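Visitor: This is the structure I want to talk about, given as structure tokens.
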There are 2 protein chains.
Amino acid sequence: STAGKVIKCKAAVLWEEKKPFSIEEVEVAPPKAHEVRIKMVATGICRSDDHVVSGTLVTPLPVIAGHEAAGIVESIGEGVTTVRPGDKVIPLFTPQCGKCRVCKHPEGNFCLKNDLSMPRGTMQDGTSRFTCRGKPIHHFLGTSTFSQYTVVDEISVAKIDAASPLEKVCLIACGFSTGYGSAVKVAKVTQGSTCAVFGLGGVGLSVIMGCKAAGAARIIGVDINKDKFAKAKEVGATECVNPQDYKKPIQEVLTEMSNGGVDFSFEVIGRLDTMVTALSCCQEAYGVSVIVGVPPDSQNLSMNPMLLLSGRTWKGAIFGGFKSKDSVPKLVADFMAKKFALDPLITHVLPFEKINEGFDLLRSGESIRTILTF
Amino acid sequence: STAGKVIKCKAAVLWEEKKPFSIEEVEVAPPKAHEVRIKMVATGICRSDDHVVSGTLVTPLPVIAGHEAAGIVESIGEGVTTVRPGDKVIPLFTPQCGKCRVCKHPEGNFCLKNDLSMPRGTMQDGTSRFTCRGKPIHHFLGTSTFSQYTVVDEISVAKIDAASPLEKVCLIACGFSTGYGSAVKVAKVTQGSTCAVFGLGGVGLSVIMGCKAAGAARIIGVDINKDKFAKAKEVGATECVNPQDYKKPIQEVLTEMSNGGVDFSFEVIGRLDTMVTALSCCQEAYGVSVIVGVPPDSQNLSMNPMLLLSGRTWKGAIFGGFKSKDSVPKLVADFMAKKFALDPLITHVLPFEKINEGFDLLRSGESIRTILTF
Ligand SMILES: NC(=O)c1ccc[n+]([C@@H]2O[C@H](COP(=O)([O-])OP(=O)([O-])OC[C@H]3O[C@@H](n4cnc5c(N)[nH+]cnc54)[C@H](O)[C@@H]3O)[C@@H](O)[C@H]2O)c1
Ligand SMILES: NC(=O)c1ccc[n+]([C@@H]2O[C@H](COP(=O)([O-])OP(=O)([O-])OC[C@H]3O[C@@H](n4cnc5c(N)[nH+]cnc54)[C@H](O)[C@@H]3O)[C@@H](O)[C@H]2O)c1
Ligand SMILES: OCc1c(F)c(F)c(F)c(F)c1F
Ligand SMILES: OCc1c(F)c(F)c(F)c(F)c1F
Ligand SMILES: [Zn+2]
Ligand SMILES: [Zn+2]
Ligand SMILES: [Zn+2]
Ligand SMILES: [Zn+2]
């Protein structure tokens, strides 16, 4: 009945930086060839969504943000083969076109169709499916999950288990998979190792979960908000440190604590200074440091390349290094089989209409993940 | 007999920065416990030695530099078990104590006993075995090979094949092993891959040799001195490019040439700008860049961490990642077994007395390695 028709629905439109979202009617065009229109069920609030508001992340405005979500297919465009109406699906903010050199590479996941490197805020065809007040509205990362209905390219959606609890597994769409993969896949954390995790939000807690799953003997959480330490310990941190407690720089503190540097460190904040501090605190000859946090737009860090010459490895990743369409259904299956927990990341639940309250909770420091229900 | 006695011999003393070496008589103390006194046979001239002269590398002066050499044990101190008088040996500018957390680590080589990070210019015991005109003279990296005789700690020497041609295998002490291992061990170059090698001196040519040995399909040499290209092709470069020939930055040229970025890039120069160019020219999702070149003292580079967040790996290494005492004898055995060639690296052979002429050949661009013979 809605197939092939424009849908009027509520979305959270961001008209301007540093402003509340406006919950208002939008028009959602039907899907074109190899497009999928989804009725959203649940979306998380990730700090990257907040980066759009703050201008830390630059993407064209006005926009419908949101990238951490799950929903139910309303309709498919011509030529779609991988989902059907009524399927539970996760929009993939990192696409998997399956055809580019990255998709073909055994270790690549940052598909060349992404809209992250140089955001256009469109569908793959360079156009928008969203109208508000008669004006075209940008997409975000090909997902735009802050809407009762979105339209995504086929390469940006994965079918997931029909018995999935969508209010939980939406976290597999970003924060859990990112943090857990950054530990298990990107860093390849080893049994008995010492890890340091900078930033104890949803993503950093997910890194801790991955380090614990990998067998790390010591997992040191690092946050300037000590209110984050209890949850970090619950999911596997062996100890937590607040840089503000120490006269010396925290890289020196962590080097002392680890008797000469940690095996694996993770930047899970988004600061240039903590990206360098995290590199420095891993052991100089064999340490590995993984950048997870999103840096501020167009800003360069400064570092001494002797940190690398001695033997350190420095790397970053999007989405925990997971090939998105292959991995999201497997992660959902593994969650169904209790191979990892998502509840420790969910601190608050709100209706979608209380999105601004959700962002207030993240900005105050209170929440980890707020899950919004449509 | 010289054993147990001071030796007066000839050495190349560097009294201050940016001056010629002084070829003159020094006194060489006998070895103390766990020390080895070596009659030098051949030493290479590595750019790192020139860095001490130029002040690119800071180490206490006055100094007997030189770190790429081979010789014959003259005597051993109490408690030495791994070499004997008459043995061919290579001094190890990266030690292998065998006891430290790095030496115990399967992928560590930068032994904590090294004299690189925070150079003291002494033996392990914090004293010098060298005097000249009544003045104590510093060691360099535990090796000091620009002397007819040196004294090294046991952990800084490896016994090698008695039939070794020391005028060739001296290059296994630094430049060959560094470049080859940087490709085969540190980058882990894959069969069929595309490599970019920045700097086509002795070390960069050894990187090419390693990339070819690893089966790379394409090996692009990059140098501002086109006179370096012919020998780069001889040892495996498939293409060579001179940045000065192009209007665009060379990272853009190399990304275009490799249809979206190289698999593996290597900085083998020692410039901050080429370290960032080399990182940028590797494919953004799965590329690997290795820093080999020694950066100038205390200078930071500037870079955009989005280069790593997309999926790049950035690493560095000393001595090609090789655990020095285990590896050197095996590398010399492999050379003896015709597994790789060293002659392509040797452009000049001079008496030791012509050390300054050897440095002038390096600085002018003419030479790859000059071997000095005692
Ligand atoms: N690479 C990816 O694919 C990916 C995915 C998801 C999130 N991100 C980014 O990862 C970062 C973390 O996201 P999140 O967990 O949702 O955010 P969050 O909940 O804001 O957590 C960040 C944590 O960092 C802490 N913090 C802030 N400053 C400092 C400091 N100077 N030192 C130590 N701790 C500090 C802060 O108190 C908070 O608990 C953000 O930059 C995201 O944009 C990246
Ligand atoms: N990591 C290690 O363990 C290790 C070992 C040995 C040498 N090194 C360092 O490796 C570097 C190379 O040593 P080497 O091969 O003996 O030196 P080299 O023979 O002087 O070779 C350097 C090459 O770089 C070329 N070059 C200079 N500037 C540029 C530029 N802007 N762009 C492109 N090419 C340029 C130059 O023409 C020359 O052919 C030096 O910095 C050494 O100190 C490090
Ligand atoms: O949180 C995931 C995430 C990222 F990791 C980014 F690098 C990015 F630009 C972005 F928009 C995003 F949502
Ligand atoms: O060429 C080898 C070499 C290095 F790689 C250094 F980092 C250094 F400091 C040095 F003195 C040296 F000789
Ligand atoms: Zn792709
Ligand atoms: Zn996110
Ligand atoms: Zn050691
Ligand atoms: Zn050298």
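Residues displayed in chain B correspond, in order, to Swiss-Prot positions 2-375.
Here the Cβ of each residue, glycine as well, is placed from N, Cα and C on the backbone.
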Visitor: In Swiss-Prot, the Zn(2+) 2 site includes B:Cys98, B:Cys101, B:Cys104. Which of B:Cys112, B:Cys133 does it also list there?
Guide: B:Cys112
Visitor: Return the residue out of B:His68, B:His140 that Swiss-Prot annotates for the same Zn(2+) 1 site as B:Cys47, B:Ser49, B:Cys175.
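Guide: Swiss-Prot lists B:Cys47, B:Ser49, B:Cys175 binding Zn(2+) 1, and from B:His68, B:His140 it also lists B:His68.
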Visitor: Where ligand 2 binds, which of the binding-site residues B:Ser49, B:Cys98, B:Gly294, B:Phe320 are close by, with Cβ under 6 Å?
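Guide: Only B:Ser49, B:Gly294, B:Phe320 meet the Cβ criterion.
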Visitor: Which residues of the same chain, at least 6 positions away in sequence, have a Cβ lying under 8 Å from the Cβ of B:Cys175 (Zn(2+) 1 binding site)?
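Guide: B:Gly45, B:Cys47, B:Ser49, B:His68, B:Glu69, B:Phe94, B:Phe320 - these are the non-local Cβ neighbours of B:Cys175 (Zn(2+) 1 binding site), listed in sequence order.
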Visitor: Where does B:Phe320 (NAD(+) binding site) sit in the DSSP three-state scheme?
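Guide: Reduced to three states, the DSSP call for B:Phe320 (NAD(+) binding site) is helix.
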Visitor: Check the binding-site residues B:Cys98, B:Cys101, B:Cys104, B:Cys112 for other C-beta atoms within 10 angstroms of each C-beta and report the one with the most.
Guide: B:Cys112
Visitor: May I have the list of same-chain residues other than B:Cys98, B:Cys101, B:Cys104, B:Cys112 whose Cβ is within 8 Å of the Cβ centroid of the recorded Zn(2+) 2 site, in sequence order?
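Guide: Counting only non-site residues, the set is B:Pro96, B:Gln97, B:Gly99, B:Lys100, B:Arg102, B:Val103, B:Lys105, B:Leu113, B:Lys114, B:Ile156.
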Visitor: Around B:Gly203 (NAD(+) binding site), how many other C-beta atoms are within 10 angstroms of its C-beta?
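Guide: Its Cβ shell of radius 10 Å holds 29 other Cβ atoms.
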Visitor: Which binding-site residues out of B:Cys47, B:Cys101, B:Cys104, B:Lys229, B:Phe320 lie by ligand 7, going by a Cβ under 6 Å?
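Guide: Correct list: B:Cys101, B:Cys104.
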Visitor: Taking the Cβ of B:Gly205 (NAD(+) binding site) as the reference point, list residues of the same chain whose Cβ is under 8 angstroms away and which are at least six residues distant in sequence.
Guide: B:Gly180, B:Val198, B:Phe199, B:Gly222, B:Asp224, B:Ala233, B:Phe267, B:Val269, B:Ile270, B:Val293
Visitor: What is the biggest Cα to Cα gap, in Å, among B:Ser49, B:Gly200, B:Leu201, B:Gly202, B:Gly203, B:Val204, B:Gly205, B:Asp224, B:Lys229, B:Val293, B:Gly294, B:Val295, B:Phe320, B:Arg370, the residues listed as binding NAD(+)?
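Guide: The widest Cα-Cα gap among those binding residues is 23 Å.
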